[PDB]
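Everything below concerns the one structure shown next.
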Amino acid sequence: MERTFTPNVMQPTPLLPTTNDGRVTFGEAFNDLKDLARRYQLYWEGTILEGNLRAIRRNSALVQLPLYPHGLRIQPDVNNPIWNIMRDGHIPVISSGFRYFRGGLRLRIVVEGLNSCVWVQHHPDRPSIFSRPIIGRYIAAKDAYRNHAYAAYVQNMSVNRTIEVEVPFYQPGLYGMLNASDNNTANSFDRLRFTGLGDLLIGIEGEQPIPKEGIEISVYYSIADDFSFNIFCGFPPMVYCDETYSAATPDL
Amino acid sequence: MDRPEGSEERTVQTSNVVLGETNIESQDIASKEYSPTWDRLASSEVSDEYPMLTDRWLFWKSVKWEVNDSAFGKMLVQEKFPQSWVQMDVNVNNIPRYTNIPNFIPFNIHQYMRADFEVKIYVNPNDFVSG
Amino acid sequence: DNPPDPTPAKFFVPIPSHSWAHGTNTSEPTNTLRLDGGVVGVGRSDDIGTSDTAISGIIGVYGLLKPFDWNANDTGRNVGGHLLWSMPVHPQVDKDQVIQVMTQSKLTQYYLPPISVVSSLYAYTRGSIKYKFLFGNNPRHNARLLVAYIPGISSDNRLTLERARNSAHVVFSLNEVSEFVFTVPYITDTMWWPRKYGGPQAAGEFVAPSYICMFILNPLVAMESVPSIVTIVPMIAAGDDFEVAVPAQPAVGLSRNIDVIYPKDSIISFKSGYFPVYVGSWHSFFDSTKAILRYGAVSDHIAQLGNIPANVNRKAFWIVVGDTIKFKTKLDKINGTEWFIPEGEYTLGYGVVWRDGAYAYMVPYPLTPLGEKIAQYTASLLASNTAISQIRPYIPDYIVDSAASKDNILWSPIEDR
Amino acid sequence: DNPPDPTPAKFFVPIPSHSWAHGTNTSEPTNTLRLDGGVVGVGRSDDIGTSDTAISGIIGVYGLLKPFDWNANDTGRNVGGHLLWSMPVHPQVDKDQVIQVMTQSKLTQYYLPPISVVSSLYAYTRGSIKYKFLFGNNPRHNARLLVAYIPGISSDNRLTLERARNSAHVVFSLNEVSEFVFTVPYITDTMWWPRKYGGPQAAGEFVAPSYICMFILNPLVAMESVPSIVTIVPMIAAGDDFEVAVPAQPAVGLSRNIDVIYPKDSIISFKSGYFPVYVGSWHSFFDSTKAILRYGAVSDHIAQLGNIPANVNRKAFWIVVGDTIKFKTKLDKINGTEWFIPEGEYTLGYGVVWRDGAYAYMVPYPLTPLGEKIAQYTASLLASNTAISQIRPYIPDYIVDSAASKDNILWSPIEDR
């Protein structure tokens, strides 16, 4: 099989004795990318002010969040230092080498600055066809308000400011597409219902005003236990993080 | 060449087609091979199979690459698969038709389809080139 | 019945969340958004494989490295003892040994092999590496190569065939053979070796432990009815003994978005009235045979750079950020190197600062991987106060004045190995 | 004795509530408002059955669909090859194949079958569907029908008997038989199929995968001492192989309160001084044979619409929200359709915007299910810049000026499949 084809081997020395993927020297093993994809990373983070929400905030949504195992399309700007120099996390880098998947994701919503209550819904039959989130007053009514019968969780910030949920796989097909394009008209159906786990909506439930500094919502994510990165195609070409901010100014 | 006949040519037969090869191949498999089980959950209508038609090795495109248009990464073929192959018989207006090729004749009367594929690439150079 | 329960209360410590770091060998409490409240997992079948994230199966797949030509008619290079190809040995490949795509004002795209991609996710690495060499030959071509693994060496500064034979090496014969693999050893003074490329501002970076070099033993021979050039395509994969230690900030990012915002505090430009600029010549700089940026045709009208911050490394060269210009330059092959710039029109991508007293001037360089190397080397020569006469061959030549810029040109500090 | 308990405290994570999503296969801690503090549950007997919420037992019950007449004396329609009845196949029935009740300014009430109601609670669906056909005949009537299931087709645009016979189909004989069931297959390229109707603003909606069509093989025959019309009542239930996947926002709501508040931001009306309005004619619009809304009897006094927001879809027609008017119109049967409006007095329920330069005018449509369809089709024709002469047959005719409105009339944007 050509991908691993090694003809006419010329090997001067014997192989190097094993450490069981680090288990001999350190106390743990490192043999599967799936394990690393289960270590949380930043999915999206933003600040929301009263001006971003509807004039009359009738317990409306704060964030409409599309759920992709390969993460969102990052926007590196002066306001987002992480995406600019850290770029994409490990999970989007891992995901890029595989075509398909079939599992769920585990999220962690951290809301700071708000004394009210937060509601979270999962819309598996309504996933976005764009790789960017929708904020506040730009969210359509169909999603801006709590829908019935969807799997949900409602949490008071007074008890805990961190929400922990696991989003399931509810798709009509065999696989979900990894690394999908937002420019897709020839296969809209694939992009619409065979790509994302369904939008996750994060809203507020109370009359408390938002501080002038605003509230900050940080969504971390990771792969669930039933998740699988399925068919290994090539890796795409990469960029180097050390080529964002140069070492010509070692401290900056 | 050491015989009256040139030498022995290996043979590969499928349906009523016979392919000859003379050298050792380069091979690979896109993904793990398997027998499908969830296709039965998609359609209650009995799935028809036409092995003598479909299991037939069929000839695709010939593409001509020259020295003057052969650069690193030059794409001799970039085709949607198997779309481009099954739809290779077009009319005056470049509209495909499944009606003439026996291998594709089941595609005309069925709405949904599935199969595994194999692709052979044949080049017959002389003894004095490199690439 | 309502019996009291005076069992003593237990001390407990409240924390807002469960582990953020753990990814294996533990349970994770969570609120599953399902109708079934038990331990639930999506259904499967043979239609859907198991996860193919086993590292060894990934890094075993060969990736392509920068190919090179091997010309049988080159009576200068095609001789015994000649170094055809060489680089440090480490899982991430050197950037200049990998296929690239550059974009003006954006980041470079690198085609990293699977072993390189995976390694950039972890801090340490170790084991043998399989270097497969593919030759574009036919039964007429013949040669013998000596490829060696030099432990504890990072460059070819002291490297000769007659020294390379004194380390672990192999001798390959190209007699009707087109592929062979050189599985190189792992020879280190320690058990794990730190990755070379790390994070922003060279965070956690280090160097490679060893060197691989290909020498010409018996030169390539062809005939008149056969191509005189044989291309060589190097490929790389992990040996069966390869391992990766410790999760760290990925050295890499995807190429879906190659945009980048360089720090505004490091940006430099030309003083007001000293722009627009164009590429030209003036007498007090190698008798006006070399290229510099001018702001006018009167002489001693050489564009001056604004204030250059003191936190900028002395050996650093510069890269253009905003709009730029095209200019025609050339550079003749430098002794002891394969460094030359053919005469052509190039975009302005790099610059090196030439200081003359209280005035600072900028020297233009082409937006090309070789232009990046020559610019860096020149900046280093200015750093060691090298003779003005010895830096001369590393500076692009003056051919003709080029177009002017729309306005000022912005530059950002960078530095390479 | 008072021994210390230095047992280490455990880390615990505080959360305000238990699961909101879980409905099965788990316990739920709660504060029961009872005197008995154990696991308590209300008493039972045979007088009180067990819960009858088993889905299969619900969706197995047949629901009635829109009936239709089958006239033996219609020498035009009652012929071989004629399409009597057809619709897409999906668990929710198409809205126009279900008994309706409309209310001015309110929501329409639909009489959905059990399989349709239950399916609107879930996101996915699959399996066979039982279509029972009930005929109002007696032993004199005779015919033969061909009913077919066409996979991958959503409309009858390319549908003929001589094509329908080339898919899964059945042939029914009406010879002293009044009931028969056509259990149609499930033929899809995937395992679950997304529901068609979803939520507000067509949230999560999609299309049906297949089509069912009833063709006339051997035309209906009656005699002189027997009714010449045979009514056909279609009914629908789930097959034994039917299943429903995933809880979602109900596509439906109860009809106890059919009130609705349309978004104020989408509302449009006539400019001041351009109302009250009435239905009439003017010359520059098909020689004043078609109906439009005027604000006076002087000519070129055609009611103008206020500012129409740019976020309104181009193919959208409109529905009256507040008070309205009655008007007498008609429309002759359109070629290739069963579309006709008999001459009668109808309430104004729908409108289509006719643009003439910087002026926008409104065309009236009757508050009737067929008027809804013709209005939508007309709006679509204006969208594709169809010939003014070819949109003419889809516009209600002018008979006589109608009463005026009390004041302005308010309209809201809507759009159908």
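Here, A, B, ... name the chains of the structure tokens in the order displayed, residue numbers run from 1 inside each chain, and ligands are numbered from 1 in the same displayed order.
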Would you mind listing, for every residue of region 245-357 of chain C within 9 Å of region 240-243 of chain A, the two atoms forming the shortest contact and the distance between them in Å to one decimal, using only C-alpha atoms, sorted by chain and ascending residue number, as a Markdown table?
| residue | atom | partner | partner_atom | distance |
| --- | --- | --- | --- | --- |
| C:250 | CA | A:241 | CA | 7.8 |
| C:251 | CA | A:241 | CA | 5.5 |
| C:252 | CA | A:240 | CA | 4.6 |
| C:253 | CA | A:240 | CA | 6.3 |
| C:254 | CA | A:240 | CA | 8.9 |
Now that the selection is made, can you save its residues with N, CA and C atoms as a compact mmCIF listing (two decimals), in the first residue's frame?
# COMPACT_ATOMS: atom_id res chain seq x y z
N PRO C 250 0.12 24.25 19.61
CA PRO C 250 0.44 23.83 18.24
C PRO C 250 1.40 24.81 17.58
N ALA C 251 2.42 24.28 16.91
CA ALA C 251 3.36 25.13 16.20
C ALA C 251 2.74 25.64 14.92
N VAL C 252 1.57 25.11 14.60
CA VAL C 252 0.93 25.37 13.32
C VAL C 252 -0.51 25.83 13.46
N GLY C 253 -1.03 26.39 12.38
CA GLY C 253 -2.43 26.76 12.30
C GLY C 253 -2.93 26.39 10.92
N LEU C 254 -4.24 26.33 10.76
CA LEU C 254 -4.83 25.98 9.47
C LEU C 254 -4.57 27.07 8.44
What are the closest atom pairs, with distances in Å to one decimal, for all residues of region 44-130 of chain A lying within 9 Å of region 138-151 of chain A? Consider only C-alpha atoms, order rows by chain and residue number, and present the result as CSV.
residue,atom,partner,partner_atom,distance
A:52,CA,A:138,CA,8.2
A:53,CA,A:138,CA,8.1
A:54,CA,A:138,CA,8.5
A:58,CA,A:145,CA,8.1
A:59,CA,A:145,CA,7.1
A:60,CA,A:145,CA,5.1
A:61,CA,A:144,CA,4.7
A:62,CA,A:144,CA,7.9
A:63,CA,A:139,CA,7.9
A:64,CA,A:139,CA,6.8
A:119,CA,A:146,CA,8.1
A:120,CA,A:146,CA,8.5
A:121,CA,A:151,CA,6.2
A:122,CA,A:151,CA,5.9
A:123,CA,A:150,CA,6.6
A:124,CA,A:150,CA,8.6
Output for the residues just chosen: N, CA and C atoms as an mmCIF file, in the first residue's frame:
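Writing done, so here's result.cif:
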data_model
loop_
_atom_site.group_PDB
_atom_site.id
_atom_site.type_symbol
_atom_site.label_atom_id
_atom_site.label_comp_id
_atom_site.auth_asym_id
_atom_site.auth_seq_id
_atom_site.Cartn_x
_atom_site.Cartn_y
_atom_site.Cartn_z
ATOM 1 N N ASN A 52 -25.811 45.506 21.773
ATOM 2 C CA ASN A 52 -25.785 44.383 20.841
ATOM 3 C C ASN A 52 -27.091 43.605 20.872
ATOM 4 N N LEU A 53 -27.869 43.820 21.925
ATOM 5 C CA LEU A 53 -29.122 43.102 22.098
ATOM 6 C C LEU A 53 -30.297 43.933 21.612
ATOM 7 N N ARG A 54 -31.465 43.304 21.547
ATOM 8 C CA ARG A 54 -32.680 43.991 21.141
ATOM 9 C C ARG A 54 -33.012 45.103 22.132
ATOM 10 N N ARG A 58 -36.494 40.706 25.678
ATOM 11 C CA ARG A 58 -37.499 39.831 26.267
ATOM 12 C C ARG A 58 -36.937 38.431 26.464
ATOM 13 N N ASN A 59 -35.957 38.326 27.359
ATOM 14 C CA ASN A 59 -35.235 37.082 27.613
ATOM 15 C C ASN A 59 -34.685 36.481 26.320
ATOM 16 N N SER A 60 -34.271 37.360 25.411
ATOM 17 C CA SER A 60 -33.792 36.956 24.094
ATOM 18 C C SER A 60 -32.377 36.397 24.155
ATOM 19 N N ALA A 61 -31.961 35.752 23.071
ATOM 20 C CA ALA A 61 -30.673 35.071 23.030
ATOM 21 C C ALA A 61 -29.503 36.049 22.941
ATOM 22 N N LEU A 62 -28.368 35.647 23.506
ATOM 23 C CA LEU A 62 -27.145 36.441 23.463
ATOM 24 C C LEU A 62 -26.259 35.998 22.305
ATOM 25 N N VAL A 63 -26.133 34.686 22.141
ATOM 26 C CA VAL A 63 -25.295 34.119 21.095
ATOM 27 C C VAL A 63 -25.998 32.975 20.376
ATOM 28 N N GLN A 64 -25.944 32.991 19.047
ATOM 29 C CA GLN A 64 -26.331 31.837 18.248
ATOM 30 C C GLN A 64 -25.046 31.163 17.800
ATOM 31 N N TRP A 119 -30.017 30.658 29.913
ATOM 32 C CA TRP A 119 -30.632 29.467 29.337
ATOM 33 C C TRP A 119 -29.851 29.003 28.114
ATOM 34 N N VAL A 120 -29.777 27.688 27.928
ATOM 35 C CA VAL A 120 -29.042 27.106 26.811
ATOM 36 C C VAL A 120 -29.901 26.053 26.122
ATOM 37 N N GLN A 121 -30.033 26.161 24.804
ATOM 38 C CA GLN A 121 -30.789 25.185 24.024
ATOM 39 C C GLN A 121 -29.932 24.583 22.920
ATOM 40 N N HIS A 122 -30.261 23.359 22.520
ATOM 41 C CA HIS A 122 -29.606 22.741 21.375
ATOM 42 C C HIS A 122 -30.624 22.458 20.277
ATOM 43 N N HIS A 123 -30.378 23.018 19.097
ATOM 44 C CA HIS A 123 -31.247 22.842 17.939
ATOM 45 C C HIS A 123 -30.613 21.917 16.898
ATOM 46 N N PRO A 124 -30.754 20.591 17.066
ATOM 47 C CA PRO A 124 -30.058 19.675 16.153
ATOM 48 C C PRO A 124 -30.570 19.725 14.711
#
Residues of chain B within 8 Å of chain C, using only C-alpha atoms, as a CSV table (one decimal) with N, CA, C and O atoms, in the first residue's frame?
chain,number,residue,atom,x,y,z
B,32,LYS,N,-10.9,1.6,4.6
B,32,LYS,CA,-11.0,0.2,5.0
B,32,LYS,C,-12.1,-0.4,4.3
B,32,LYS,O,-13.2,0.2,4.1
B,34,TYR,N,-15.2,-3.0,3.6
B,34,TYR,CA,-16.3,-3.4,4.5
B,34,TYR,C,-17.5,-3.9,3.7
B,34,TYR,O,-17.6,-3.7,2.5
B,35,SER,N,-18.4,-4.6,4.4
B,35,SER,CA,-19.7,-4.9,3.9
B,35,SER,C,-20.7,-4.0,4.6
B,35,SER,O,-20.9,-4.0,5.8
B,36,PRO,N,-21.5,-3.3,3.7
B,36,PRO,CA,-22.5,-2.3,4.2
B,36,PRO,C,-23.6,-3.0,4.9
B,36,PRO,O,-24.0,-4.1,4.6
B,37,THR,N,-24.1,-2.3,6.0
B,37,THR,CA,-25.3,-2.8,6.7
B,37,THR,C,-26.4,-1.8,6.9
B,37,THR,O,-27.6,-2.2,7.0
B,38,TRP,N,-26.1,-0.5,6.9
B,38,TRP,CA,-27.1,0.5,7.1
B,38,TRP,C,-27.8,1.0,5.9
B,38,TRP,O,-28.7,1.8,5.9
B,127,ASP,N,11.4,2.9,-23.8
B,127,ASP,CA,12.4,2.5,-22.9
B,127,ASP,C,13.3,3.6,-22.5
B,127,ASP,O,14.2,3.5,-21.7
B,128,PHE,N,13.1,4.8,-23.1
B,128,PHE,CA,14.1,5.9,-23.1
B,128,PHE,C,13.5,7.2,-22.6
B,128,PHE,O,14.1,8.3,-22.9
B,129,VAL,N,12.5,7.2,-21.8
B,129,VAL,CA,12.0,8.4,-21.2
B,129,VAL,C,12.0,8.3,-19.7
B,129,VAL,O,12.4,7.3,-19.1
B,130,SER,N,11.7,9.4,-19.0
B,130,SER,CA,11.7,9.4,-17.6
B,130,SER,C,10.6,10.4,-17.1
B,130,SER,O,10.4,11.5,-17.6
B,131,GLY,N,9.9,10.0,-16.0
B,131,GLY,CA,8.9,10.9,-15.4
B,131,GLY,C,8.1,10.1,-14.4
B,131,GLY,O,8.2,8.9,-14.3
Item to complete: Measure the distance from CA of residue 136 (chain A) to CA of residue 216 (chain A) in Å and round it to one decimal.
Response: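 Going from CA of residue 136 (chain A) over to CA of residue 216 (chain A) covers 12.9 Å.
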Worksheet item: For chain A, which of B:65, B:87, B:25, B:48 is the closest residue, counting only C-alpha atoms?
Response: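 Closest to chain A of all the choices is B:25.
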Worksheet entry | Interface, chain D side, toward chain C (6 Å; only C-alpha atoms) as an MDAnalysis selection string | chainID D and resid 9:13 21:26
Worksheet entry | Best match for closeness to chain B among A:3, A:34, A:102, A:73, counting only C-alpha atoms |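 Looking at the shortest contact to chain B, the residue is A:3.
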Discussion item. Give me the residues near residue 298 (chain D) as number ranges by chain, where near means some atom within 12 Å (using only C-alpha atoms) and where sequence neighbours in that chain fewer than 6 positions away do not count.
Written reply: D: 280-283
Store the residues picked out above in a file with C-alpha atoms, as a compact mmCIF listing (two decimals), in the first residue's frame.
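Final output, part-v3.txt:
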# COMPACT_ATOMS: atom_id res chain seq x y z
CA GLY D 280 -61.62 49.01 -9.37
CA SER D 281 -60.12 49.35 -12.85
CA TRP D 282 -57.88 51.68 -14.86
CA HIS D 283 -56.88 51.78 -18.52
Contacts of residue 114 (chain C) at 7 Å (only C-alpha atoms; same-chain gap of 3+ positions) as a PDB file with N, CA, C and O atoms, in the first residue's frame:
ATOM      1  N   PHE A 235      -3.498  15.877   5.183  1.00  0.00           N
ATOM      2  CA  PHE A 235      -3.484  17.167   5.870  1.00  0.00           C
ATOM      3  C   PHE A 235      -3.419  18.295   4.840  1.00  0.00           C
ATOM      4  O   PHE A 235      -2.775  18.150   3.800  1.00  0.00           O
TER       5      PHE A 235
ATOM      6  N   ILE C  58      -0.868   7.417  11.601  1.00  0.00           N
ATOM      7  CA  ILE C  58      -0.858   8.713  10.930  1.00  0.00           C
ATOM      8  C   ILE C  58       0.543   9.101  10.470  1.00  0.00           C
ATOM      9  O   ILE C  58       0.760   9.415   9.300  1.00  0.00           O
ATOM     10  N   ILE C  59       1.493   9.086  11.402  1.00  0.00           N
ATOM     11  CA  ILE C  59       2.847   9.551  11.117  1.00  0.00           C
ATOM     12  C   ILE C  59       3.654   8.544  10.303  1.00  0.00           C
ATOM     13  O   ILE C  59       4.786   8.821   9.906  1.00  0.00           O
ATOM     14  N   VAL C  61       2.551   7.575   7.424  1.00  0.00           N
ATOM     15  CA  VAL C  61       2.267   7.981   6.051  1.00  0.00           C
ATOM     16  C   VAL C  61       3.301   8.983   5.548  1.00  0.00           C
ATOM     17  O   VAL C  61       3.543  10.014   6.176  1.00  0.00           O
ATOM     18  N   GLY C  63       5.219  11.899   3.623  1.00  0.00           N
ATOM     19  CA  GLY C  63       4.921  13.224   3.114  1.00  0.00           C
ATOM     20  C   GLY C  63       6.028  13.695   2.190  1.00  0.00           C
ATOM     21  O   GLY C  63       7.187  13.314   2.357  1.00  0.00           O
ATOM     22  N   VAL C 117       3.122  17.509  10.989  1.00  0.00           N
ATOM     23  CA  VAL C 117       1.894  18.071  11.547  1.00  0.00           C
ATOM     24  C   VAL C 117       1.642  17.579  12.971  1.00  0.00           C
ATOM     25  O   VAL C 117       1.382  18.373  13.874  1.00  0.00           O
ATOM     26  N   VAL C 118       1.709  16.265  13.157  1.00  0.00           N
ATOM     27  CA  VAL C 118       1.460  15.663  14.463  1.00  0.00           C
ATOM     28  C   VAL C 118       2.488  16.129  15.501  1.00  0.00           C
ATOM     29  O   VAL C 118       2.135  16.462  16.635  1.00  0.00           O
TER      30      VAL C 118
END
Discussion item. Which residues are close to residue 104 (chain B), i.e. within 12 Å by only C-alpha atoms, leaving aside same-chain residues fewer than 4 positions away? Reply as a PyMOL selection string.
Written reply: chain B and resi 50-56+58+82-83+85-89+96-100+108-110+113
Would you save the residues of that selection, restricted to N, CA, C and O atoms, as an mmCIF file, in the first residue's frame?
data_model
loop_
_atom_site.group_PDB
_atom_site.id
_atom_site.type_symbol
_atom_site.label_atom_id
_atom_site.label_comp_id
_atom_site.auth_asym_id
_atom_site.auth_seq_id
_atom_site.Cartn_x
_atom_site.Cartn_y
_atom_site.Cartn_z
ATOM 1 N N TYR B 50 -26.618 -5.712 -10.793
ATOM 2 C CA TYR B 50 -26.372 -6.120 -12.167
ATOM 3 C C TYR B 50 -24.882 -6.358 -12.380
ATOM 4 O O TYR B 50 -24.230 -5.589 -13.090
ATOM 5 N N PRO B 51 -24.336 -7.417 -11.758
ATOM 6 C CA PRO B 51 -22.888 -7.640 -11.725
ATOM 7 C C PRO B 51 -22.249 -7.747 -13.109
ATOM 8 O O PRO B 51 -21.180 -7.180 -13.308
ATOM 9 N N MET B 52 -22.892 -8.428 -14.051
ATOM 10 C CA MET B 52 -22.324 -8.586 -15.389
ATOM 11 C C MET B 52 -22.224 -7.242 -16.112
ATOM 12 O O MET B 52 -21.420 -7.081 -17.032
ATOM 13 N N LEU B 53 -23.025 -6.273 -15.680
ATOM 14 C CA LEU B 53 -22.993 -4.940 -16.267
ATOM 15 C C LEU B 53 -22.033 -4.019 -15.518
ATOM 16 O O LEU B 53 -21.242 -3.298 -16.129
ATOM 17 N N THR B 54 -22.109 -4.046 -14.193
ATOM 18 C CA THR B 54 -21.381 -3.091 -13.369
ATOM 19 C C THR B 54 -19.965 -3.535 -12.997
ATOM 20 O O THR B 54 -19.049 -2.713 -12.954
ATOM 21 N N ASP B 55 -19.783 -4.828 -12.723
ATOM 22 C CA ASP B 55 -18.461 -5.379 -12.401
ATOM 23 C C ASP B 55 -17.524 -5.388 -13.613
ATOM 24 O O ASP B 55 -16.430 -5.942 -13.558
ATOM 25 N N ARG B 56 -17.965 -4.787 -14.712
ATOM 26 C CA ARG B 56 -17.186 -4.753 -15.943
ATOM 27 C C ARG B 56 -16.154 -3.619 -15.951
ATOM 28 O O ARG B 56 -16.509 -2.457 -15.742
ATOM 29 N N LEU B 58 -14.394 -0.835 -17.448
ATOM 30 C CA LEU B 58 -14.755 0.045 -18.554
ATOM 31 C C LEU B 58 -13.687 1.101 -18.817
ATOM 32 O O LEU B 58 -13.017 1.560 -17.893
ATOM 33 N N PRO B 82 -17.672 9.264 -8.696
ATOM 34 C CA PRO B 82 -17.589 8.749 -10.067
ATOM 35 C C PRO B 82 -18.399 9.543 -11.091
ATOM 36 O O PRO B 82 -18.595 9.040 -12.200
ATOM 37 N N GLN B 83 -18.874 10.732 -10.725
ATOM 38 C CA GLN B 83 -19.766 11.507 -11.588
ATOM 39 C C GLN B 83 -19.255 11.633 -13.020
ATOM 40 O O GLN B 83 -19.958 11.292 -13.968
ATOM 41 N N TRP B 85 -17.114 9.976 -14.712
ATOM 42 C CA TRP B 85 -17.018 8.701 -15.419
ATOM 43 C C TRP B 85 -18.371 8.176 -15.891
ATOM 44 O O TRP B 85 -18.529 7.805 -17.053
ATOM 45 N N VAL B 86 -19.342 8.143 -14.984
ATOM 46 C CA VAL B 86 -20.677 7.645 -15.298
ATOM 47 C C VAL B 86 -21.373 8.556 -16.311
ATOM 48 O O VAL B 86 -22.204 8.110 -17.101
ATOM 49 N N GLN B 87 -21.020 9.838 -16.283
ATOM 50 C CA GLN B 87 -21.614 10.823 -17.181
ATOM 51 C C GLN B 87 -20.696 11.201 -18.346
ATOM 52 O O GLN B 87 -20.714 12.341 -18.810
ATOM 53 N N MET B 88 -19.900 10.249 -18.823
ATOM 54 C CA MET B 88 -18.909 10.551 -19.854
ATOM 55 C C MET B 88 -19.484 10.496 -21.268
ATOM 56 O O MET B 88 -18.813 10.873 -22.231
ATOM 57 N N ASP B 89 -20.718 10.021 -21.393
ATOM 58 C CA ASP B 89 -21.395 9.976 -22.687
ATOM 59 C C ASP B 89 -22.369 11.146 -22.816
ATOM 60 O O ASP B 89 -23.487 11.090 -22.308
ATOM 61 N N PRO B 96 -25.227 14.816 -20.275
ATOM 62 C CA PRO B 96 -24.983 13.378 -20.096
ATOM 63 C C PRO B 96 -26.218 12.512 -20.347
ATOM 64 O O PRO B 96 -27.345 13.006 -20.311
ATOM 65 N N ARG B 97 -25.992 11.224 -20.593
ATOM 66 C CA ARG B 97 -27.068 10.260 -20.796
ATOM 67 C C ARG B 97 -26.600 8.867 -20.369
ATOM 68 O O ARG B 97 -25.506 8.433 -20.727
ATOM 69 N N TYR B 98 -27.430 8.172 -19.600
ATOM 70 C CA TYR B 98 -27.081 6.847 -19.088
ATOM 71 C C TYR B 98 -27.586 5.710 -19.978
ATOM 72 O O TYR B 98 -27.693 4.569 -19.530
ATOM 73 N N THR B 99 -27.915 6.016 -21.227
ATOM 74 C CA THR B 99 -28.687 5.080 -22.045
ATOM 75 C C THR B 99 -27.880 4.201 -23.007
ATOM 76 O O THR B 99 -28.420 3.251 -23.569
ATOM 77 N N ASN B 100 -26.599 4.491 -23.197
ATOM 78 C CA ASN B 100 -25.838 3.780 -24.219
ATOM 79 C C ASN B 100 -24.801 2.834 -23.641
ATOM 80 O O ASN B 100 -24.528 1.777 -24.211
ATOM 81 N N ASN B 108 -30.092 4.958 -15.216
ATOM 82 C CA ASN B 108 -31.157 5.701 -15.885
ATOM 83 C C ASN B 108 -32.528 5.445 -15.276
ATOM 84 O O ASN B 108 -33.404 6.304 -15.325
ATOM 85 N N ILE B 109 -32.710 4.257 -14.712
ATOM 86 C CA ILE B 109 -34.019 3.833 -14.228
ATOM 87 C C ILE B 109 -34.078 3.766 -12.706
ATOM 88 O O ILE B 109 -35.105 3.403 -12.134
ATOM 89 N N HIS B 110 -32.975 4.108 -12.049
ATOM 90 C CA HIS B 110 -32.953 4.137 -10.592
ATOM 91 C C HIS B 110 -32.614 5.526 -10.067
ATOM 92 O O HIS B 110 -31.896 6.293 -10.709
ATOM 93 N N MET B 113 -28.272 5.029 -5.720
ATOM 94 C CA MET B 113 -27.272 4.044 -6.135
ATOM 95 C C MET B 113 -26.087 4.008 -5.174
ATOM 96 O O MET B 113 -25.780 5.010 -4.528
#
Practice prompt. For CA of residue 327 (chain D) and CA of residue 360 (chain D), determine how far apart the two atoms are, in Å to one decimal place.
Written response: 21.2 Å
Item to complete: Output as number ranges by chain the set of chain D residues within 12 Å of chain A, with distances taken over only C-alpha atoms.
Response: D: 12-23, 120-126, 188-207, 244-253, 262-263
